[PDB]
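Novice: For the sequence shown, my numbering begins at 1 and goes up steadily by one. This is the structure, below, for whatever I ask next.
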Amino acid sequence: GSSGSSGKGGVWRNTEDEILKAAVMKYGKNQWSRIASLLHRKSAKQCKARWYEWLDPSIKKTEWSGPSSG
């Protein structure tokens with residue numbers, strides 16, 4: 001919408017995601033605060049949200065299998 005950092009689920013660019021996804025994998029899903037520093041206009045809340053939002057394993061993703069019986 002307008003210039004700033006805070007907001008409702010701030011947008012995200014491939015780059016930001018690349019750095020985040022990695023950092024989280026290196027430092028882990030605990031140093032969310034430190035990771036935020038890496039990205040400009042980002043905070044633990046965003047890093048944690050954006051992550052669990054789309055970037056997360058728990059998410060119900062397909063496992064090399066589509067149409068399965070039962």
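Backbone N, C-alpha and C fix where the C-beta goes; we use that ideal spot for every residue, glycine too.
1. Can you give me the Cβ contacts of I19 inside the same chain, cut-off strictly under 7 Å, excluding the 5 residues immediately before and after it?
2. Going by DSSP, what residue range makes up the alpha helix (DSSP H) through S33?
3. Give me the residue from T15, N14, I35 with the minimum Cα distance to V24.
4. Who are the near neighbours of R50 in its chain, counting only those whose CB is closer than 6 Å to its CB and skipping five residues on each side?
5. Compute the distance between the beta-carbons of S69 and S43, then report whether it is under 9 Å.
Specialist: The answer reads as follows:
1. To locate residue 19, count along the sequence shown from 1; it is residue 19. For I19, the CB contacts under 7 Å within the same chain, skipping 5 residues up- and downstream, are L38, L39 in chain order.
2. As a working note, residue 33 is residue 33 in the sequence shown. Per DSSP, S33 belongs to the alpha helix (DSSP H) from 32 to 38.
3. Here residue 24 corresponds to residue number 24 of the sequence shown, with the count starting at 1. The shortest Cα separation from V24 among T15, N14, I35 belongs to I35.
4. For the purposes of this step, residue 50 is taken as residue 50 along the sequence shown, with counting starting at 1. So the qualifying residues of the chain are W12.
5. For the purposes of this step, residue 69 is identified with residue 69 of the sequence shown, where counting begins at 1. For the purposes of this step, residue 43 is identified with residue 43 of the sequence shown, where counting begins at 1. No; because the gap between Cβ atoms is not below 9 Å, this pair is not in contact.
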